[PDB]
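Listed next as structure tokens is one chain, alone, in the form deposited in one PDB entry.
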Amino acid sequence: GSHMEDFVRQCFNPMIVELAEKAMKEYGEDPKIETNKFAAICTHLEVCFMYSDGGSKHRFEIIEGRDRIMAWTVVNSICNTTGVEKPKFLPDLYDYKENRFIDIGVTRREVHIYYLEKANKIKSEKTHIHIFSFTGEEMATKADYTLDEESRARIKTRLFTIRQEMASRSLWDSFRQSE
């Protein structure tokens, strides 16, 4: 029973905690032990949800948070109807306006180094990439940040609030050193 696990459950809403737990049990990981990964997945999930709320009513299809089979099912439907290439790795969203998959990144390090590793790993040069850092920087493919400035600023504010809440509980150091 770690301090980090209790902080996560009272900091993020229960629907996000539920999906993160279900996500971690696929791939076979324990939220009670891998506490920093538990906090990272909840954070990445909330950012994806906030991101999808930034566009118009039904601009974004949400891929993250679904079980692996259903997420791939929607990816197949999106590809077999828009003609967009099928990614090798599951993205996070699909932009019906810009007609591209998006993988959102949340990092505790430099947005520069994290971007390079993300593009190398997915090996899908057509999946748009957008990174957020806990300090307030962001990096997007082709410098195309998809959303307007106000939607991204809300995400950066929430990210800095999360880091403050862990720092005030002396859990930020172990979190930052966990990536």
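Quick note: we count residues from 1 along the sequence shown, nothing fancier.
* **Stretch with the greater mean C-alpha B-factor as recorded in the entry, comparing 27 to 35 against 50 to 58** => According to the entry, 27 to 35 carries the higher average C-alpha B-factor.
* Of 148 to 156 and 118 to 126, the one with larger mean CA B-factor -> Mean CA B-factor is higher for 118 to 126.
* Among 71, 93, 106, 84, which carries the highest Cα B-factor? -> Going by the entry's C-alpha B-factors, 84 comes out highest.
* Ranked against its chain, the third holding the CA B-factor of residue 111 -> For residue 111, whose C-alpha B-factor we compare with every modelled residue in the chain, the answer is the highest third.
* For residue 100, the third of its chain into which the C-alpha B factor falls -> Ranked within chain, residue 100 CA B lands in the middle tercile.
* residue 133 CA temperature factor, ranked by third within the chain -> It falls in the middle third of the chain.
* Which third, lowest, middle or highest, does the CA B-factor of residue 44 fall in along this chain? -> Answer is lowest: the recorded C-alpha B-factor places it there.
* To do: Would you please rank residue 10 by its C-alpha temperature factor against the other modelled residues of its chain and give the third it falls in: lowest, middle or highest?
  => Middle third of the chain for residue 10's C-alpha B-factor.
What follows is about the form deposited with a small molecule bound, which we do not show.
* Contact of residue 153 with the small molecule in the deposited complex (heavy atom, 4.5 Å) -> Heavy-atom contact with the small molecule at 4.5 Å: absent for residue 153.
* Within a 4.5 Å heavy atom cut-off, is residue 66 in contact with the small molecule in the deposited complex? -> So residue 66 counts as contacting the small molecule.
* is_contact(residue 53, the small molecule) in the deposited complex, heavy atom dist at most 4.5 Å -> Yes, contact at 4.5 Å.
* Asked: With the partner left out of view, is residue 15 within 4.5 angstroms of the small molecule in the deposited complex by any non-hydrogen atom?
  -> Result yes; residue 15 sits at the interface with the small molecule in the deposited complex.
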